[PDB]
Amino acid sequence: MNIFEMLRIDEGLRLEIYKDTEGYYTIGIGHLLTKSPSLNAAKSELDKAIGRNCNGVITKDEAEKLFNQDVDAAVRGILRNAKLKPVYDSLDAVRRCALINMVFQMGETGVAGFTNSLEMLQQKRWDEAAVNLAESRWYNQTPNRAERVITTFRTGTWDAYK
């Protein structure tokens with residue numbers, strides 16, 4: 001079980017270019033192709049990234065390849081965020097994945113806003129962090145996903161994704 005699989009479950013995988021909420025051309029698991037309004041631009045970028053003429057369509061594995069780059073970029077950003085770095089540094093691997101999942105979903109700023117929770121995570125007070133996390137608006141908005149991520153924080157295992 002890995003972070004790709006976690007996100008496929010939680011977020012879902014799209015294999016054809018679509019526009020996101022902001023109107024940006026996207027593919028795979030939230031992989032942003034470009035901010036230009038041109039579909040041509042989007043296809044062009046996709047073709048470069050994957051080394052084949054896809055015509056705006058991709059394979060599960062190329063979606064993974066793109067995703068892994070996005071994961072790297074997310075960690076890069078986390079390591080530069082004063083509020084998140086310390087937490088990330090303190091976590092074990094699996095819990096790190098849960099944190100990145102949250103960042104994908106709500107961005108750095110969204111995550112950094114769970115002050116108490118993060119403080120608990122840092123102190124390895126797993127049960128208390130889960131409790132605080134469950135009472136947020138995030139949990140109400142996306143309960144299935146949230147429940148899985150929280151369980152992941154609580155146990156430190158991949159069980160919820162079983």
# chains A, B, ... in the order shown; residues from 1 in each chain; ligands from 1
call {"tool": "closest_atom_pairs", "arguments": {"of": "range 11-110 of chain A", "to": "range 116-138 of chain A", "cutoff": "12 Å", "atoms": "only C-alpha atoms", "output": "Markdown table"}}
result
| residue | atom | partner | partner_atom | distance |
| --- | --- | --- | --- | --- |
| A:83 | CA | A:118 | CA | 8.8 |
| A:84 | CA | A:118 | CA | 8.1 |
| A:85 | CA | A:122 | CA | 10.5 |
| A:86 | CA | A:122 | CA | 7.6 |
| A:87 | CA | A:122 | CA | 5.3 |
| A:88 | CA | A:122 | CA | 8.3 |
| A:89 | CA | A:122 | CA | 8.9 |
| A:90 | CA | A:122 | CA | 6.2 |
| A:91 | CA | A:122 | CA | 7.4 |
| A:92 | CA | A:124 | CA | 10.2 |
| A:95 | CA | A:121 | CA | 9.3 |
| A:96 | CA | A:121 | CA | 10.7 |
| A:98 | CA | A:121 | CA | 11.5 |
| A:99 | CA | A:118 | CA | 9.8 |
| A:102 | CA | A:138 | CA | 9.8 |
| A:105 | CA | A:138 | CA | 9.9 |
| A:106 | CA | A:138 | CA | 9.0 |
| A:110 | CA | A:138 | CA | 9.7 |
call {"tool": "write_last_selection", "arguments": {"atoms": "C-alpha atoms", "output": "short mmCIF file (atom, residue, chain, number, x, y, z; two decimals), in the first residue's frame"}}
result
data_model
loop_
_atom_site.label_atom_id
_atom_site.label_comp_id
_atom_site.auth_asym_id
_atom_site.auth_seq_id
_atom_site.Cartn_x
_atom_site.Cartn_y
_atom_site.Cartn_z
CA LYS A 83 4.41 25.44 10.83
CA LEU A 84 4.45 22.12 9.03
CA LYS A 85 8.03 21.13 8.85
CA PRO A 86 8.45 20.25 12.47
CA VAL A 87 5.43 18.05 12.47
CA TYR A 88 6.46 16.28 9.31
CA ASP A 89 9.95 15.73 10.58
CA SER A 90 8.59 14.13 13.70
CA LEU A 91 6.25 11.65 12.00
CA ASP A 92 6.88 8.16 10.91
CA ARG A 95 1.68 9.08 9.18
CA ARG A 96 3.69 11.23 6.80
CA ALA A 98 -1.61 10.91 5.84
CA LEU A 99 -0.30 14.38 6.26
CA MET A 102 -4.41 16.25 3.75
CA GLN A 105 -6.85 17.94 -0.34
CA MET A 106 -6.71 21.34 1.36
CA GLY A 110 -5.55 24.56 5.12
#
call {"tool": "residues_around", "arguments": {"residues": "range 42-48 of chain A", "least_positions_apart": "2", "cutoff": "10 Å", "atoms": "only C-alpha atoms", "output": "number ranges by chain"}}
result
A: 17-18, 24-27, 31-40, 50-58, 66
call {"tool": "write_last_selection", "arguments": {"atoms": "C-alpha atoms", "output": "CSV table (one decimal), in the first residue's frame"}}
result
chain,number,residue,atom,x,y,z
A,17,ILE,CA,-8.0,16.1,-19.4
A,18,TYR,CA,-10.6,18.0,-17.5
A,24,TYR,CA,-7.3,24.7,-15.0
A,25,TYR,CA,-6.5,21.7,-17.3
A,26,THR,CA,-5.8,18.7,-15.2
A,27,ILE,CA,-5.3,15.0,-15.4
A,31,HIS,CA,-1.9,16.8,-11.7
A,32,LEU,CA,-2.1,20.4,-13.1
A,33,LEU,CA,-1.0,20.5,-16.7
A,34,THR,CA,-1.0,24.3,-17.3
A,35,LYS,CA,-2.8,27.5,-16.4
A,36,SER,CA,-3.2,28.5,-20.0
A,37,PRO,CA,-6.7,28.4,-21.4
A,38,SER,CA,-5.4,26.4,-24.4
A,39,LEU,CA,-6.2,22.8,-24.7
A,40,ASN,CA,-3.3,22.6,-27.2
A,50,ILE,CA,5.1,11.2,-20.5
A,51,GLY,CA,7.3,10.9,-23.5
A,52,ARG,CA,4.5,9.7,-25.8
A,53,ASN,CA,1.7,11.3,-27.9
A,54,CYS,CA,-1.3,10.6,-25.7
A,55,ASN,CA,-3.8,12.9,-27.3
A,56,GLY,CA,-4.9,13.9,-23.8
A,57,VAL,CA,-5.3,10.4,-22.5
A,58,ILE,CA,-3.1,8.4,-20.0
A,66,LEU,CA,3.1,12.2,-12.6
call {"tool": "select_by_dssp", "arguments": {"residues": "range 15-57 of chain A", "states": "alpha helix (DSSP H)", "output": "PyMOL selection string"}}
result
chain A and resi 39-50
call {"tool": "write_last_selection", "arguments": {"atoms": "N, CA, C and O atoms", "output": "tab-separated table (two decimals), in the first residue's frame"}}
result
chain	number	residue	atom	x	y	z
A	39	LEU	N	-6.29	24.22	-24.75
A	39	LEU	CA	-6.22	22.75	-24.71
A	39	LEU	C	-4.95	22.20	-25.38
A	39	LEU	O	-4.38	21.15	-25.02
A	40	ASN	N	-4.48	22.94	-26.40
A	40	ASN	CA	-3.30	22.57	-27.15
A	40	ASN	C	-2.03	22.56	-26.27
A	40	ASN	O	-1.18	21.64	-26.29
A	41	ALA	N	-1.99	23.61	-25.46
A	41	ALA	CA	-0.95	23.80	-24.45
A	41	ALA	C	-1.00	22.64	-23.46
A	41	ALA	O	0.01	21.98	-23.20
A	42	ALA	N	-2.22	22.32	-22.99
A	42	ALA	CA	-2.37	21.19	-22.07
A	42	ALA	C	-1.87	19.87	-22.68
A	42	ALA	O	-1.14	19.08	-22.08
A	43	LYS	N	-2.29	19.57	-23.91
A	43	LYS	CA	-1.89	18.33	-24.51
A	43	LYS	C	-0.38	18.22	-24.71
A	43	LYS	O	0.20	17.14	-24.66
A	44	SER	N	0.21	19.36	-25.00
A	44	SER	CA	1.61	19.48	-25.33
A	44	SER	C	2.46	19.09	-24.12
A	44	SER	O	3.43	18.29	-24.18
A	45	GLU	N	2.07	19.70	-23.00
A	45	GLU	CA	2.65	19.44	-21.70
A	45	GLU	C	2.47	17.99	-21.34
A	45	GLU	O	3.37	17.33	-20.81
A	46	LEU	N	1.30	17.46	-21.57
A	46	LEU	CA	1.15	16.08	-21.20
A	46	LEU	C	2.07	15.19	-21.97
A	46	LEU	O	2.66	14.26	-21.43
A	47	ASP	N	2.16	15.45	-23.25
A	47	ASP	CA	3.01	14.64	-24.11
A	47	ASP	C	4.50	14.66	-23.68
A	47	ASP	O	5.18	13.62	-23.67
A	48	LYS	N	5.00	15.84	-23.29
A	48	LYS	CA	6.37	16.00	-22.80
A	48	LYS	C	6.60	15.17	-21.54
A	48	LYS	O	7.54	14.40	-21.44
A	49	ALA	N	5.71	15.33	-20.59
A	49	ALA	CA	5.83	14.66	-19.32
A	49	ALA	C	5.87	13.16	-19.44
A	49	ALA	O	6.51	12.49	-18.64
A	50	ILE	N	5.15	12.62	-20.39
A	50	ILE	CA	5.10	11.19	-20.48
A	50	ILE	C	5.94	10.54	-21.57
A	50	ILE	O	6.12	9.32	-21.63
call {"tool": "atom_distance", "arguments": {"atom1": "CA of residue 73 in chain A", "atom2": "CA of residue 115 in chain A"}}
result
22.8 Å
call {"tool": "closest_residue", "arguments": {"among": "A:93, A:76, A:159, A:28", "to": "residue 11 in chain A", "atoms": "only C-alpha atoms"}}
result
A:28
call {"tool": "closest_residue", "arguments": {"among": "A:152, A:59, A:21, A:109", "to": "residue 82 in chain A", "atoms": "only C-alpha atoms"}}
result
A:109
call {"tool": "atom_distance", "arguments": {"atom1": "CA of residue 16 in chain A", "atom2": "CA of residue 30 in chain A"}}
result
11.4 Å
call {"tool": "residues_around", "arguments": {"residues": "range 7-10 of chain A", "least_positions_apart": "6", "cutoff": "10 Å", "atoms": "only C-alpha atoms", "output": "ChimeraX atom specification"}}
result
/A:28-30,64,67,97-98,100-101,104-105,142,144-146,148-149,161
call {"tool": "select_by_dssp", "arguments": {"residues": "chain A", "states": "strand (DSSP E)", "output": "mmCIF file with N, CA and C atoms, in the first residue's frame"}}
result
data_model
loop_
_atom_site.group_PDB
_atom_site.id
_atom_site.type_symbol
_atom_site.label_atom_id
_atom_site.label_comp_id
_atom_site.auth_asym_id
_atom_site.auth_seq_id
_atom_site.Cartn_x
_atom_site.Cartn_y
_atom_site.Cartn_z
ATOM 1 N N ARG A 14 -8.403 10.350 -12.771
ATOM 2 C CA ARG A 14 -9.037 10.707 -14.042
ATOM 3 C C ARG A 14 -8.004 10.552 -15.135
ATOM 4 N N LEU A 15 -8.374 9.884 -16.258
ATOM 5 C CA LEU A 15 -7.395 9.648 -17.295
ATOM 6 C C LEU A 15 -7.449 10.455 -18.566
ATOM 7 N N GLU A 16 -8.293 11.425 -18.506
ATOM 8 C CA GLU A 16 -8.493 12.357 -19.570
ATOM 9 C C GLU A 16 -8.523 13.777 -19.013
ATOM 10 N N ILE A 17 -7.985 14.690 -19.787
ATOM 11 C CA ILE A 17 -7.960 16.067 -19.371
ATOM 12 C C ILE A 17 -9.316 16.644 -19.030
ATOM 13 N N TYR A 18 -9.361 17.318 -17.907
ATOM 14 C CA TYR A 18 -10.572 17.962 -17.469
ATOM 15 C C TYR A 18 -10.177 19.317 -16.860
ATOM 16 N N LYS A 19 -11.121 20.209 -16.626
ATOM 17 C CA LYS A 19 -10.740 21.433 -16.026
ATOM 18 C C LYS A 19 -11.126 21.299 -14.567
ATOM 19 N N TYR A 25 -6.607 23.019 -16.711
ATOM 20 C CA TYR A 25 -6.498 21.683 -17.285
ATOM 21 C C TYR A 25 -5.650 20.756 -16.420
ATOM 22 N N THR A 26 -6.244 19.631 -16.122
ATOM 23 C CA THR A 26 -5.776 18.671 -15.159
ATOM 24 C C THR A 26 -5.978 17.282 -15.629
ATOM 25 N N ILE A 27 -5.198 16.382 -15.048
ATOM 26 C CA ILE A 27 -5.280 14.967 -15.372
ATOM 27 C C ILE A 27 -4.722 14.134 -14.197
ATOM 28 N N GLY A 28 -4.978 12.823 -14.253
ATOM 29 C CA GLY A 28 -4.474 11.866 -13.236
ATOM 30 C C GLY A 28 -5.146 12.171 -11.881
ATOM 31 N N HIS A 31 -3.145 16.323 -11.183
ATOM 32 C CA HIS A 31 -1.936 16.837 -11.746
ATOM 33 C C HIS A 31 -2.222 18.004 -12.665
ATOM 34 N N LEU A 32 -1.878 19.211 -12.267
ATOM 35 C CA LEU A 32 -2.115 20.410 -13.070
ATOM 36 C C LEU A 32 -1.189 20.487 -14.265
ATOM 37 N N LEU A 33 -1.768 20.519 -15.464
ATOM 38 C CA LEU A 33 -0.979 20.533 -16.715
ATOM 39 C C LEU A 33 -0.513 21.920 -17.064
ATOM 40 N N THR A 34 -1.402 22.903 -16.882
ATOM 41 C CA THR A 34 -1.015 24.258 -17.262
ATOM 42 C C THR A 34 -2.104 25.231 -16.907
#
call {"tool": "closest_residue", "arguments": {"among": "A:69, A:94, A:114, A:12", "to": "residue 151 in chain A", "atoms": "only C-alpha atoms"}}
result
A:94
call {"tool": "atom_distance", "arguments": {"atom1": "CA of residue 111 in chain A", "atom2": "CA of residue 155 in chain A"}}
result
19.8 Å
call {"tool": "decode", "arguments": {"residues": "range 85-119 of chain A", "atoms": "N, CA, C and O atoms", "output": "PDB file, in the first residue's frame"}}
result
ATOM      1  N   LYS A  85       6.794  21.888   8.843  1.00  0.00           N
ATOM      2  CA  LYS A  85       8.028  21.132   8.854  1.00  0.00           C
ATOM      3  C   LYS A  85       8.281  20.293  10.131  1.00  0.00           C
ATOM      4  O   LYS A  85       8.637  19.127  10.128  1.00  0.00           O
ATOM      5  N   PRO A  86       8.171  20.928  11.236  1.00  0.00           N
ATOM      6  CA  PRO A  86       8.453  20.251  12.466  1.00  0.00           C
ATOM      7  C   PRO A  86       7.567  19.051  12.674  1.00  0.00           C
ATOM      8  O   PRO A  86       7.975  18.008  13.126  1.00  0.00           O
ATOM      9  N   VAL A  87       6.335  19.170  12.323  1.00  0.00           N
ATOM     10  CA  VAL A  87       5.433  18.053  12.467  1.00  0.00           C
ATOM     11  C   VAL A  87       5.864  16.930  11.540  1.00  0.00           C
ATOM     12  O   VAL A  87       5.979  15.746  11.862  1.00  0.00           O
ATOM     13  N   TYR A  88       6.087  17.287  10.273  1.00  0.00           N
ATOM     14  CA  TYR A  88       6.464  16.281   9.311  1.00  0.00           C
ATOM     15  C   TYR A  88       7.732  15.585   9.748  1.00  0.00           C
ATOM     16  O   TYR A  88       7.898  14.394   9.671  1.00  0.00           O
ATOM     17  N   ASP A  89       8.694  16.360  10.182  1.00  0.00           N
ATOM     18  CA  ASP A  89       9.947  15.731  10.583  1.00  0.00           C
ATOM     19  C   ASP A  89       9.703  14.709  11.698  1.00  0.00           C
ATOM     20  O   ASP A  89      10.361  13.668  11.800  1.00  0.00           O
ATOM     21  N   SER A  90       8.786  15.031  12.581  1.00  0.00           N
ATOM     22  CA  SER A  90       8.586  14.127  13.705  1.00  0.00           C
ATOM     23  C   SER A  90       7.837  12.820  13.398  1.00  0.00           C
ATOM     24  O   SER A  90       7.901  11.825  14.112  1.00  0.00           O
ATOM     25  N   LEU A  91       7.083  12.803  12.321  1.00  0.00           N
ATOM     26  CA  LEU A  91       6.252  11.655  11.998  1.00  0.00           C
ATOM     27  C   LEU A  91       6.998  10.530  11.360  1.00  0.00           C
ATOM     28  O   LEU A  91       7.979  10.722  10.657  1.00  0.00           O
ATOM     29  N   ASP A  92       6.435   9.356  11.563  1.00  0.00           N
ATOM     30  CA  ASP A  92       6.882   8.156  10.909  1.00  0.00           C
ATOM     31  C   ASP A  92       6.310   8.149   9.450  1.00  0.00           C
ATOM     32  O   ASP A  92       5.423   8.917   9.089  1.00  0.00           O
ATOM     33  N   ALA A  93       6.791   7.232   8.657  1.00  0.00           N
ATOM     34  CA  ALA A  93       6.462   7.165   7.262  1.00  0.00           C
ATOM     35  C   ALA A  93       4.991   7.137   6.919  1.00  0.00           C
ATOM     36  O   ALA A  93       4.519   7.856   6.039  1.00  0.00           O
ATOM     37  N   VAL A  94       4.287   6.258   7.550  1.00  0.00           N
ATOM     38  CA  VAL A  94       2.899   6.104   7.202  1.00  0.00           C
ATOM     39  C   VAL A  94       2.137   7.370   7.580  1.00  0.00           C
ATOM     40  O   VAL A  94       1.319   7.869   6.855  1.00  0.00           O
ATOM     41  N   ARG A  95       2.395   7.887   8.760  1.00  0.00           N
ATOM     42  CA  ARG A  95       1.682   9.076   9.180  1.00  0.00           C
ATOM     43  C   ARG A  95       2.068  10.230   8.275  1.00  0.00           C
ATOM     44  O   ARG A  95       1.269  11.134   8.080  1.00  0.00           O
ATOM     45  N   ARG A  96       3.299  10.203   7.741  1.00  0.00           N
ATOM     46  CA  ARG A  96       3.686  11.232   6.800  1.00  0.00           C
ATOM     47  C   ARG A  96       2.774  11.204   5.583  1.00  0.00           C
ATOM     48  O   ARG A  96       2.452  12.255   5.028  1.00  0.00           O
ATOM     49  N   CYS A  97       2.457  10.037   5.144  1.00  0.00           N
ATOM     50  CA  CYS A  97       1.590   9.916   3.991  1.00  0.00           C
ATOM     51  C   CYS A  97       0.232  10.549   4.279  1.00  0.00           C
ATOM     52  O   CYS A  97      -0.385  11.235   3.421  1.00  0.00           O
ATOM     53  N   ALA A  98      -0.288  10.318   5.502  1.00  0.00           N
ATOM     54  CA  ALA A  98      -1.605  10.908   5.842  1.00  0.00           C
ATOM     55  C   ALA A  98      -1.575  12.426   5.822  1.00  0.00           C
ATOM     56  O   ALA A  98      -2.539  13.110   5.476  1.00  0.00           O
ATOM     57  N   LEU A  99      -0.430  12.974   6.255  1.00  0.00           N
ATOM     58  CA  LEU A  99      -0.295  14.383   6.255  1.00  0.00           C
ATOM     59  C   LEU A  99      -0.281  14.894   4.807  1.00  0.00           C
ATOM     60  O   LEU A  99      -0.859  15.936   4.478  1.00  0.00           O
ATOM     61  N   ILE A 100       0.396  14.207   3.932  1.00  0.00           N
ATOM     62  CA  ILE A 100       0.464  14.701   2.549  1.00  0.00           C
ATOM     63  C   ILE A 100      -0.911  14.587   1.915  1.00  0.00           C
ATOM     64  O   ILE A 100      -1.366  15.413   1.103  1.00  0.00           O
ATOM     65  N   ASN A 101      -1.612  13.536   2.290  1.00  0.00           N
ATOM     66  CA  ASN A 101      -2.967  13.387   1.778  1.00  0.00           C
ATOM     67  C   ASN A 101      -3.755  14.638   2.122  1.00  0.00           C
ATOM     68  O   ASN A 101      -4.445  15.231   1.286  1.00  0.00           O
ATOM     69  N   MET A 102      -3.676  15.078   3.365  1.00  0.00           N
ATOM     70  CA  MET A 102      -4.407  16.255   3.755  1.00  0.00           C
ATOM     71  C   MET A 102      -3.959  17.472   2.943  1.00  0.00           C
ATOM     72  O   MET A 102      -4.762  18.336   2.580  1.00  0.00           O
ATOM     73  N   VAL A 103      -2.666  17.612   2.720  1.00  0.00           N
ATOM     74  CA  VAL A 103      -2.140  18.767   1.962  1.00  0.00           C
ATOM     75  C   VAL A 103      -2.687  18.748   0.516  1.00  0.00           C
ATOM     76  O   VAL A 103      -3.067  19.788  -0.025  1.00  0.00           O
ATOM     77  N   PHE A 104      -2.753  17.574  -0.089  1.00  0.00           N
ATOM     78  CA  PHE A 104      -3.292  17.492  -1.436  1.00  0.00           C
ATOM     79  C   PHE A 104      -4.710  17.998  -1.445  1.00  0.00           C
ATOM     80  O   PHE A 104      -5.188  18.626  -2.383  1.00  0.00           O
ATOM     81  N   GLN A 105      -5.437  17.617  -0.430  1.00  0.00           N
ATOM     82  CA  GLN A 105      -6.851  17.942  -0.342  1.00  0.00           C
ATOM     83  C   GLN A 105      -7.118  19.412  -0.010  1.00  0.00           C
ATOM     84  O   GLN A 105      -8.010  20.012  -0.578  1.00  0.00           O
ATOM     85  N   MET A 106      -6.404  20.007   0.936  1.00  0.00           N
ATOM     86  CA  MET A 106      -6.706  21.345   1.361  1.00  0.00           C
ATOM     87  C   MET A 106      -5.566  22.315   1.294  1.00  0.00           C
ATOM     88  O   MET A 106      -5.694  23.450   1.768  1.00  0.00           O
ATOM     89  N   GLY A 107      -4.479  21.885   0.722  1.00  0.00           N
ATOM     90  CA  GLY A 107      -3.328  22.775   0.674  1.00  0.00           C
ATOM     91  C   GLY A 107      -2.661  23.037   2.033  1.00  0.00           C
ATOM     92  O   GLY A 107      -3.188  22.785   3.126  1.00  0.00           O
ATOM     93  N   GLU A 108      -1.457  23.591   1.938  1.00  0.00           N
ATOM     94  CA  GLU A 108      -0.651  23.880   3.112  1.00  0.00           C
ATOM     95  C   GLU A 108      -1.346  24.717   4.120  1.00  0.00           C
ATOM     96  O   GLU A 108      -1.336  24.506   5.323  1.00  0.00           O
ATOM     97  N   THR A 109      -1.906  25.751   3.608  1.00  0.00           N
ATOM     98  CA  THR A 109      -2.549  26.662   4.457  1.00  0.00           C
ATOM     99  C   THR A 109      -3.707  26.036   5.147  1.00  0.00           C
ATOM    100  O   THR A 109      -3.971  26.320   6.301  1.00  0.00           O
ATOM    101  N   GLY A 110      -4.425  25.177   4.459  1.00  0.00           N
ATOM    102  CA  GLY A 110      -5.552  24.563   5.120  1.00  0.00           C
ATOM    103  C   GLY A 110      -5.107  23.693   6.273  1.00  0.00           C
ATOM    104  O   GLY A 110      -5.657  23.710   7.395  1.00  0.00           O
ATOM    105  N   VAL A 111      -4.092  22.940   5.982  1.00  0.00           N
ATOM    106  CA  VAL A 111      -3.561  22.018   7.026  1.00  0.00           C
ATOM    107  C   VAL A 111      -2.961  22.775   8.217  1.00  0.00           C
ATOM    108  O   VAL A 111      -3.200  22.471   9.360  1.00  0.00           O
ATOM    109  N   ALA A 112      -2.117  23.763   7.919  1.00  0.00           N
ATOM    110  CA  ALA A 112      -1.468  24.530   8.948  1.00  0.00           C
ATOM    111  C   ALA A 112      -2.451  25.151   9.901  1.00  0.00           C
ATOM    112  O   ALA A 112      -2.108  25.582  10.976  1.00  0.00           O
ATOM    113  N   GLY A 113      -3.706  25.188   9.518  1.00  0.00           N
ATOM    114  CA  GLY A 113      -4.738  25.758  10.355  1.00  0.00           C
ATOM    115  C   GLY A 113      -5.267  24.850  11.454  1.00  0.00           C
ATOM    116  O   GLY A 113      -6.091  25.263  12.239  1.00  0.00           O
ATOM    117  N   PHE A 114      -4.819  23.602  11.514  1.00  0.00           N
ATOM    118  CA  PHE A 114      -5.268  22.665  12.532  1.00  0.00           C
ATOM    119  C   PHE A 114      -4.279  22.677  13.675  1.00  0.00           C
ATOM    120  O   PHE A 114      -3.689  21.684  14.017  1.00  0.00           O
ATOM    121  N   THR A 115      -4.050  23.826  14.206  1.00  0.00           N
ATOM    122  CA  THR A 115      -3.023  24.042  15.222  1.00  0.00           C
ATOM    123  C   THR A 115      -2.900  23.002  16.340  1.00  0.00           C
ATOM    124  O   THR A 115      -1.855  22.417  16.588  1.00  0.00           O
ATOM    125  N   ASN A 116      -3.971  22.778  17.036  1.00  0.00           N
ATOM    126  CA  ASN A 116      -3.966  21.827  18.144  1.00  0.00           C
ATOM    127  C   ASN A 116      -3.615  20.453  17.700  1.00  0.00           C
ATOM    128  O   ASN A 116      -2.779  19.807  18.323  1.00  0.00           O
ATOM    129  N   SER A 117      -4.287  20.045  16.640  1.00  0.00           N
ATOM    130  CA  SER A 117      -4.018  18.750  16.082  1.00  0.00           C
ATOM    131  C   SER A 117      -2.593  18.549  15.762  1.00  0.00           C
ATOM    132  O   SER A 117      -2.009  17.481  16.028  1.00  0.00           O
ATOM    133  N   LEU A 118      -2.031  19.526  15.086  1.00  0.00           N
ATOM    134  CA  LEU A 118      -0.625  19.373  14.730  1.00  0.00           C
ATOM    135  C   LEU A 118       0.245  19.274  15.968  1.00  0.00           C
ATOM    136  O   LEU A 118       1.226  18.579  15.977  1.00  0.00           O
ATOM    137  N   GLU A 119      -0.089  20.069  16.976  1.00  0.00           N
ATOM    138  CA  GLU A 119       0.697  20.065  18.203  1.00  0.00           C
ATOM    139  C   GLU A 119       0.662  18.662  18.857  1.00  0.00           C
ATOM    140  O   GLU A 119       1.660  18.061  19.261  1.00  0.00           O
TER     141      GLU A 119
END
